[PDB]
Amino acid sequence: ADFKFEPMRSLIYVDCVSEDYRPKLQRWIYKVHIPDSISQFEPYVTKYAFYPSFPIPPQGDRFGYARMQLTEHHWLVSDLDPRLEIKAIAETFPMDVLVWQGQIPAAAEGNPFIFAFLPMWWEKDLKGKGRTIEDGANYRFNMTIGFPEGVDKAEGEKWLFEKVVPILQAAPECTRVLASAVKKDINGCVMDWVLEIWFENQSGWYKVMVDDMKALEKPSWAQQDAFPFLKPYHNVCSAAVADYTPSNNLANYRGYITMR
Amino acid sequence: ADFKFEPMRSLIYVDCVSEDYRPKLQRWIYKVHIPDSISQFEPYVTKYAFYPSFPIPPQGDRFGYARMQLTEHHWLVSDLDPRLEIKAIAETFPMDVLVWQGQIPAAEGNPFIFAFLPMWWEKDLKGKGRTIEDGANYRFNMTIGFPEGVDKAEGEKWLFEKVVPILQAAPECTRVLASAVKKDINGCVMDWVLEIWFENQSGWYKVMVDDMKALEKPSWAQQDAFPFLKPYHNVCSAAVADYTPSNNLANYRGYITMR
Amino acid sequence: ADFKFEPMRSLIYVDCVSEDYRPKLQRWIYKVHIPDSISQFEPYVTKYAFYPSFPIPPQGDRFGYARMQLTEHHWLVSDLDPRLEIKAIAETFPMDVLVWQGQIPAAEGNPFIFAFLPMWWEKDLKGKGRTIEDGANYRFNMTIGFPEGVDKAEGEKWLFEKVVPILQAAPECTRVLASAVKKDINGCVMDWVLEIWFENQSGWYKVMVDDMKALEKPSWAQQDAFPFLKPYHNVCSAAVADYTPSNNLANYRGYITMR
Amino acid sequence: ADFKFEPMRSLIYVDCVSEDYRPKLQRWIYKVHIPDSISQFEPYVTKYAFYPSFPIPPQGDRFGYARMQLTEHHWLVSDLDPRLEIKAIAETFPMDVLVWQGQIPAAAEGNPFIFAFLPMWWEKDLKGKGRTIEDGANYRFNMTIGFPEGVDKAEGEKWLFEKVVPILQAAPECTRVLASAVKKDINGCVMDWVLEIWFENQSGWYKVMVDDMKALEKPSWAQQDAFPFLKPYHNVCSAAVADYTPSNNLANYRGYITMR
Amino acid sequence: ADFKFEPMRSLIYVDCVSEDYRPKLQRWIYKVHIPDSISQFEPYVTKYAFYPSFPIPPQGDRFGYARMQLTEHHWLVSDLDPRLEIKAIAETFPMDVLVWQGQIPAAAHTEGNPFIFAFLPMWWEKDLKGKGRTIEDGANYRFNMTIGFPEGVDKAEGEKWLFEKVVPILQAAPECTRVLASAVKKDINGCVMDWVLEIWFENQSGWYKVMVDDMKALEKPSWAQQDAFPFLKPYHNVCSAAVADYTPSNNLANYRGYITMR
Amino acid sequence: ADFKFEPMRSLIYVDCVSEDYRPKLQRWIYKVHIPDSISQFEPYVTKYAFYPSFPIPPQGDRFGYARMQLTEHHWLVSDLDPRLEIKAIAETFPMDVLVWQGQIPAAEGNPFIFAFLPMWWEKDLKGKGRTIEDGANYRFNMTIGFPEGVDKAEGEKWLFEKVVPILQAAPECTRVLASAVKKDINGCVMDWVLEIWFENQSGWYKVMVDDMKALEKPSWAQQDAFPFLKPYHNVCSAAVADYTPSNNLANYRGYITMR
Ligand SMILES: O=C(/C(O)=C/c1ccc(O)c(O)c1)c1c(O)cc(O)cc1O
Ligand SMILES: O=C(/C(O)=C/c1ccc(O)c(O)c1)c1c(O)cc(O)cc1O
Ligand SMILES: O=C(/C(O)=C/c1ccc(O)c(O)c1)c1c(O)cc(O)cc1O
Ligand SMILES: O=C(/C(O)=C/c1ccc(O)c(O)c1)c1c(O)cc(O)cc1O
Ligand SMILES: O=C(/C(O)=C/c1ccc(O)c(O)c1)c1c(O)cc(O)cc1O
Ligand SMILES: O=C(/C(O)=C/c1ccc(O)c(O)c1)c1c(O)cc(O)cc1O
Ligand SMILES: [Cl-]
Ligand SMILES: [Cl-]
Ligand SMILES: [Cl-]
Ligand SMILES: [Cl-]
Ligand SMILES: [Cl-]
Ligand SMILES: [Cl-]
Ligand SMILES: [Cl-]
Ligand SMILES: [Cl-]
Ligand SMILES: [Cl-]
Ligand SMILES: [Cl-]
Ligand SMILES: [Cl-]
Ligand SMILES: [Cl-]
Ligand SMILES: [Cl-]
Ligand SMILES: [Cl-]
Ligand SMILES: [Cl-]
Ligand SMILES: [Cl-]
Ligand SMILES: [Cl-]
Ligand SMILES: [Cl-]
Ligand SMILES: [Cl-]
Ligand SMILES: [Cl-]
Ligand SMILES: [Cl-]
Ligand SMILES: [Cl-]
Ligand SMILES: [Cl-]
Ligand SMILES: [Cl-]
Ligand SMILES: [Cl-]
Ligand SMILES: [Cl-]
Ligand SMILES: [K+]
Ligand SMILES: [K+]
Ligand SMILES: [K+]
């Protein structure tokens, strides 16, 4: 049977729940996970990249801040096609990785693995159209949200656009707003939206995403007292990243060369 | 909604209208334009290459000769899909680029010619079976668009029944390939892209200038001699080599400057 | 017209019929064939790799053992689409290559076996979940095609109900994978591709020679022992490693010679 | 005249004095500084790499912790040879870079530029000889020190190797100790030693470098009350880094590709 | 015996004497010469690059203008050490290449131009104008020129002329943004050239204004081999190229074989 | 203190004493040894390459034939300088590697042969001027060390006045190169490295076995026939191709596994 041409960009929000885990998690990612991954999908993934998160900002924990990285893939086919379950070589994946990323708690309950599929192009351009790289360095705050069980999706959308987006648009500190609807049909991801919101720096982020958002009234479905009113790491995940990453893995990886 | 699998090769004819602009245009292309471009389409363009033009030959001006390069992309999806208009980072594009390439004057402006094609040539009209072992080629790539109110079928008939026979008769011409432009993608005025190979500039001239004097002047002619089309508007061209070092998705390592 | 999205993995079984031909065949493959191939299909082939065969094992000749390599491509479109027949530059292909690989004699010629598959194995029959951490594999890749007038369904039933169970039972065998050949693409005579992993040559021999002695000789047998198929015509194979340095779209930098 | 074969490894300790500067400094480093640098020394530098610092640990400020990265070069000739002062193209260097790194304040004192030359091979192997990458992920604490004005160098050396290093050796948390003398003859660097001290993690670092070092008595020349007893960023600089960096710039750099 | 550490930058001035030869010469360079060269010196050459020449400017012929490229190597050891003459695989080098480049004439009837291979230190010895120029300051038209004074001209006198008569005209011209110079290492391979200069402009017009028009003010030296600056015999005592800041042909990093256009 | 500029090429003769060890040895070399090595010497080694050996020829065992590969390094400094003994990260080195290569048995082990040379061959004795255009070479690289108490000058005289003239006379032999081993670096027992080219295995055998029967057996002979030296102890060799894909500082991208 045929395989469908299904170009998509996916994002995984990778946390590191303790600094003591960082060397181990980082080693697994770069030493073990990259080659396993390329080995499997080189023929049908056109880009595979890691975007290390900037230092967690103040109150970033309330946004499900990924303290390790964003993992980004560009697919030509759906990885959730059941035919793609068969692999000559399976990935080397210690259960410890789940501890390091917080999927399993210190045994807190655990945090889910958030793997959001999107179209390759942003669906909505809500602020900053025409911005070039010449305009300067961006503090790029990528955030995914999923409305809690039994909140009507259209009602969540209405909240987002009526209440939240206008505050982003109004803030001179915010230079760019982009959004896409999560493709729910692919893997049953709980998230509904991915937004990217750019600032000049952490202080700008905080002014807008913490101080300006104090004006919002608390929705009836709120799972925390303040914006984003969603349960950290379960219904909201995020990372602040730079414009550039050296970890463009299909082009740039040359093995796990160690420092002398 | 779905995105359609639309594998295509595109060619852009990049001129440099004065030698005094060459350093600036070349810098923009290699220093600024490459990274902006790769940044945008790395996931759905499988090849992105520049083919620097050989020195403009005698009477090359009459063929809309691109004095900088051909720019070549291989796409997996149509770039003219409206959904692809949204970009996180837009390209850095000074207005001066338009002057350098001759789109804007600083007597008359020339259009930006961006022709989409299938990835494989539709017609193989001479030289089938030629290998790289057979020698170095002077590859004359030429695109033409018939003027307003010329029946396309009539233009096609002229091309294939009058023009190509002259190419076939010349032993100096080693290869003829052609494809119809995909006009449905971006409204390009051009109708055909041909590639015509010679051994060298003198062969090109003997055939494309001297042998073509035998053609009679069509009624729609916009100039007295072949190609009878308005330079840079209804005909563009470049002569290029078999190989380019500028295979940008594989070969680019930043704008390293000479010491 | 449209081109169909047709992701496929293909395998070619490349023999070297005499050791005296090995330097010449290897030179052609790496010096001439790689650049010709990349030149043609860079935009619509996502991976192009050679897997050198391990030394031919005892009785390997009876399995149509490829003494040079497996050649592997990953395609986004069918290479047998008639539109893909047209190429600006054709491959440089000396007739001697056919001699070296045994397609023609300098007793009897062997066919060119080019099998198209889906990119993912259809059947996982032993060893699901094996990781690279579990150790080095001796990977025996084997393709078979039932002789003329053997019912395909009957051959399939034999393969999966008689042959594969012997593989499954052997502790020496760590992995069994299989896919049906896509016969609709290029008319390949082969019906199945299997990959069967061992620890080493001795394990391969214990299972593929000694354990297979238990099989009844089918009525259609073309040789007395498993695989009961005519070497190089109805069975081809190679044993290869997990890794190859010849990942050609990523790793090739020209034919640099030893000092 | 001849050029001397002078193989050396150099380290630069690159700070970022405010989180608000991080995007700008990081952009300059990766977008502007890399190509300028490669352009100049590609023919006589065999390796050029950046090692991003792990998050600053508790009390890391007291160690002159470089909040951006270590910059590492391997030279075949001395960069301080006066003939090497001439360059066709000079580096693009906004004065703001000095602000971002803390060399100058915002329009005697910011912090000096610390550029330490070493031999390519560590001179002293004081703990953990034989360690392989198979033995696990390392938290690699690289630290350079320079004794203050009018402290006898031999006396400082004796203190380092007879008082400080024994505490490192006694700690099971410390898996590796390496040291080299700074080549002072190259560029007049104030630093005298570079050490690298490995731990499993941040907690190990802190247990040893803060808690175990409380047992040291305060030298007469001390410029702060606790180990390392040297003035942060002036007489001590440091960074904790991983075994691997994706920023192996002579091999891995493909231009400043921006995230979509 | 020991090999001496001898870091050097070399330049070869590669001409193409007819446009009809360009496809063949270019094919040889990129298809045959690159891999042969890398095969030989990968272990002791740290950079190998080609800088294609800009279109020959007006009166460029009088400057021994190389119509193909500059070839640039960075050596760790002297290639003229006699021990380096032995090579497992020798370069494939048809005598036709010499025709294409103008070293020999095309066909026996009843001199061409010499091969100019100049060794330099890796760093310019003299920075005479434009110190501190960055890439941010804009695109350069980089005119690289090598000169060798004719037989029986005192070298010190030639030097004094160069630096005290010629360079001041460059200094006075606002069109000229950079002047760099090094003495040729004559001890390596007996090259006739004495100096390599690089002189930067914004563009061809600037080059011409300065190197042709402003130089008309020079008086003609007694040793002159032509009436106008540079007063030296084209291709024999003067060679040159105008090149860009950047080349895609950084061959040790960038070469992936002779991939042909579709 | 200073480090001396000491440009050298070194060769290591890597055997594989049983086919059952080949997957494991090959995995260690490509998965573990490459990154460990690059990690250590990237800043002062300009080239690091593996040349896989062709199949062992008839009687190749008598020449200490390396059944895995030649390992080749180009150094800027002496790796045997005692200061280079200190390394942040030591190589991961299972003792089994010594079994696989035959240094240790599962009576007698074979030594590790690591020969340092100048980067350029000292003697060109046949085939000067041969280019890659002249064809594919079967390159037989052989190192020899005269036994204890044989005068070195006498061995040299034998090599160059008795052995090499047989190579010179044979039309099957297209190239002879030789260098003296640098004994001062690491105490290597070997005295010479030669490379001797043929067209193929048959040519190798005709010359190195049949033509060498004419030599009289030296008094110091450790075996009856040429090379008259103890296999793997006083003679080691490999036949290799002109090209290797394993140019490790340029070409390595991690241990990507076959699908
Ligand atoms: O990036 C991760 C990853 O493996 C994604 C992925 C790729 C291919 C698949 O078939 C698939 O199901 C998932 C990733 C990561 O970056 C960190 C982790 O802990 C786990 C991951 O899967
Ligand atoms: O090649 C050019 C180019 O930018 C093509 C292109 C790329 C991405 C798109 O989305 C698109 O619509 C077009 C190009 C060039 O080479 C020179 C120029 O002056 C302008 C160009 O666009
Ligand atoms: O791999 C080979 C190859 O060329 C396959 C192929 C590609 C495109 C086509 O149109 C086609 O018909 C075949 C290959 C090889 O690896 C070795 C050979 O000797 C010949 C080959 O074709
Ligand atoms: O490492 C930096 C740097 O400037 C190095 C250097 C190398 C060679 C020279 O001749 C020279 O003058 C300087 C560096 C860096 O890597 C990051 C920064 O943010 C600032 C730096 O100076
Ligand atoms: O690069 C060229 C070249 O041949 C250099 C060289 C190297 C070693 C030698 O011993 C020697 O004599 C020369 C070169 C080129 O790149 C292009 C040309 O057109 C001509 C050249 O010589
Ligand atoms: O390449 C090998 C190797 O390790 C060489 C080497 C490097 C540095 C040293 O200090 C040293 O003593 C040796 C190598 C190989 O390629 C295969 C092997 O089996 C063993 C090796 O050492
Ligand atoms: Cl913590
Ligand atoms: Cl586990
Ligand atoms: Cl900025
Ligand atoms: Cl709360
Ligand atoms: Cl749809
Ligand atoms: Cl019109
Ligand atoms: Cl008619
Ligand atoms: Cl006209
Ligand atoms: Cl259709
Ligand atoms: Cl044989
Ligand atoms: Cl049959
Ligand atoms: Cl049976
Ligand atoms: Cl039989
Ligand atoms: Cl690549
Ligand atoms: Cl801060
Ligand atoms: Cl002080
Ligand atoms: Cl204090
Ligand atoms: Cl000496
Ligand atoms: Cl400019
Ligand atoms: Cl003269
Ligand atoms: Cl004159
Ligand atoms: Cl590289
Ligand atoms: Cl065996
Ligand atoms: Cl051959
Ligand atoms: Cl002995
Ligand atoms: Cl014997
Ligand atoms: K204390
Ligand atoms: K004059
Ligand atoms: K004998």
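Throughout, a chain's letter reflects where its sequence line sits, starting with A, and its residues are numbered from 1. Counting starts at 1 for both ligands and their atoms, in listed order. Every heavy atom of this structure was used, including side-chain atoms; hydrogens, water molecules and symmetry mates were not.
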Participant: Looking at C:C188, is its backbone amide N or carbonyl O close enough to the side chain of C:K183 to form a donor-acceptor pair, meaning the two atoms are under 3.5 Å apart?
Facilitator: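 Indeed, once roles are kept as given, a pair shorter than 3.5 Å links the two residues.
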Participant: Do side-chain atoms of B:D15 reach the backbone of B:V17 as a donor and acceptor pair under 3.5 angstrom?
Facilitator: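 No, the answer is negative, given that no donor and acceptor are paired below the 3.5 Å cut-off.
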Participant: Give the ring-plane orientation class for B:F41 versus B:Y48, where under 30° counts as parallel, over 60° as perpendicular and anything between as tilted.
Facilitator: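 Perpendicular, since the angle between the ring planes exceeds 60°.
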Participant: Describe, in one word, how the ring planes of B:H33 and B:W28 are oriented to each other, choosing from parallel (under 30°), tilted (30 to 60°) and perpendicular (over 60°).
Facilitator: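 Geometry flag for B:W28 against B:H33: parallel rings.
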Participant: State, to 0.1 Å, how close C:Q40 and C:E91 come at their nearest heavy-atom pair, and which atoms those are.
Facilitator: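 Shortest heavy-atom contact: NE2-N, 3.6 Å.
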Participant: Relative to each other, are the rings of E:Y246 and B:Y255 parallel, tilted or perpendicular (30° and 60° limits)?
Facilitator: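 Parallel: the ring planes of E:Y246 and B:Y255 meet at under 30°.
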Participant: Dump the pairs for me: ligand 2 N or O, protein N or O, distance under 3.5 Å, to 0.1 Å.
Facilitator:
{"residue": "ligand 2", "atom": "1 (O)", "partner": "B:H33", "partner atom": "NE2", "Å": "3.3"}
{"residue": "ligand 2", "atom": "10 (O)", "partner": "B:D79", "partner atom": "OD1", "Å": "3.0"}
{"residue": "ligand 2", "atom": "10 (O)", "partner": "B:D79", "partner atom": "OD2", "Å": "2.7"}
{"residue": "ligand 2", "atom": "12 (O)", "partner": "B:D79", "partner atom": "OD2", "Å": "2.6"}
{"residue": "ligand 2", "atom": "16 (O)", "partner": "B:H33", "partner atom": "NE2", "Å": "3.3"}
{"residue": "ligand 2", "atom": "16 (O)", "partner": "B:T71", "partner atom": "OG1", "Å": "3.3"}
{"residue": "ligand 2", "atom": "19 (O)", "partner": "B:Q101", "partner atom": "OE1", "Å": "2.3"}
{"residue": "ligand 2", "atom": "19 (O)", "partner": "B:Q101", "partner atom": "NE2", "Å": "2.8"}

